[PDB]
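Structure at a glance
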2 protein chains.
Amino acid sequence: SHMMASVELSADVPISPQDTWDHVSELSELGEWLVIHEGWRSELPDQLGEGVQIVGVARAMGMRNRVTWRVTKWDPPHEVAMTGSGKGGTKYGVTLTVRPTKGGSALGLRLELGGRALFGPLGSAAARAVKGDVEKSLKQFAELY
Amino acid sequence: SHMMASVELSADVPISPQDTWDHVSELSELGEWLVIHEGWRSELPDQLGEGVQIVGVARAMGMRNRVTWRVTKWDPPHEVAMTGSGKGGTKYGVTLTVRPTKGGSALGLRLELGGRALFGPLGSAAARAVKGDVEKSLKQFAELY
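Calculation rules
Residues numbered from 1 in each chain as written, not as in the entry; some residues may be left out. Chains lettered and ligands numbered in written order. Heavy atoms only, no water. Core = buried A, V, L, I, M, F, W, Y, C linked by side-chain atoms within 4.5 Å. Buried < 20%, exposed > 50% of the residue type's maximum accessible area, 1.4 Å probe, protein only. Contact = heavy atoms within 4.5 Å. Helix = DSSP H or I, 4+ residues; strand = E, 2+ residues; numbered from the N terminus. Pairing = 2+ DSSP bridges. Expected span 1.5 Å × (residues − 1). Arc of directions from axis to C-beta.

Method information in the entry identifies X-ray crystallography as the source of the structure, with 2.74 Å recorded as the resolution.

This entry carries the title "Hypotethical protein from Mycobacterium tuberculsosis".

1. What to know about the nonpolar core
Core analysis: the largest hydrophobic core is formed by 76 residues, its most contacted members being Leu27, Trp33, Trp69 and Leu96 of chain B. With sequence-adjacent residues up to four places away left out, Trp33 of chain B is seen in contact with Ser137, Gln140, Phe141 and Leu144 of chain A together with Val24, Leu96, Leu107 and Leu109 of chain B.

2. Description of the pairing of strand β3 (residues 53–60) of chain B
Residues and elements named next belong to chain B. Burial within β3 is extensive, with six of its eight residues counted as buried. Pairing analysis gives two bridges linking strand β2 (residues 37–40) to β3, with the strands arranged antiparallel. Paired with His37 across the bridge in β3 is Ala58. Sheet topology note: the β3/strand β4 (residues 63–75) ladder contains eight bridges and is antiparallel. Bridged to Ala58 within β4 is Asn65.

3. Considerations on the pairing of strand β5 (residues 79–86) of chain A
Residues and elements named next belong to chain A. For β5, a buried count of six out of eight residues is recorded, marking the element as mostly surrounded by other parts of the structure. With eight bridges connecting them, strand β4 (residues 63–75) and β5 associate as antiparallel partners. Within β5, the residue paired with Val67 across the bridge is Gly86. If you look at the hairpin formed by β4 and β5, you'll find three residues sitting between the two strands. Here β5 folds back onto strand β6 (residues 91–101) in antiparallel fashion, the turn holding four residues, of which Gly88 has a positive phi close to 75 degrees.

4. A look at helix α3 (residues 128–144) of chain B
Residues and elements named next belong to chain B. Compared with the 24 Å implied by 1.5 Å per residue over 17 residues, the 24 Å span of α3 between its first and last C-alpha is a close match. All of the buried residues in α3 are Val130, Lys131, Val134, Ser137, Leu138 and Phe141. Seen end-on, α3 carries its buried residues on one side only, within an arc spanning 125 degrees. Of the exposed residues in α3, the ones pointing more than 90 degrees away from its buried face are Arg128, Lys139 and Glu143.

Written out as structure tokens, the structure is:
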């Protein structure tokens, strides 16, 4: 359906695990350090949880878009995972993880950018080589049950 | 880090959504329909959940690899999502969703394949344009707090 570029990095910060988690959970400050986030368009939910939607602004690779972020994972005080969709089929993913380590915490940020807006219709054509596997597997499943 | 292709397709099954879910969630029979899954090397636990790790074999794009799958999401009876790391760079993702539809249910399979072994050294270089933003976000977090 679409193509994706994913980069996950980790940095050891001299910050306590609960402090790092309280910081990554304060979405009202997310735009002040996360580069691709430029602000929110909806009031931030009272309690952030799995299934919650928020509308925000994203700037990726010279492009700006209104993105409907959907919280896909909420495991405090360890991980928050968010999936977003934008105009023109732009797809986004952000996964923030917090681990306790010697000296402080390990903050892991995984960012996934894709869609036809970012890879073009010809670059996104590389994904049609997996359609065979997917369709054959679904056909076999239907024939199985 | 790595470059991903993602294909999500759907198939109708003339049975109840609970039946379809009980059939997909039995990942012991995944080899009977999922083409890229050629069996397990680990034995599956008594019951599945988030964080479960199991080793299996995967053949994709003409390459046979040993994959260490991890269950990233378990939402019965709707969705199960697992990610596989492999070696040689090959990244895998399997998402199985079950929905109700006319005449019964629909199984949705999202297959994600990537890594340097699948996209080459030159094709994998499209993600370093994102690694810069990831690095800048981590540095700005470490500097802000």
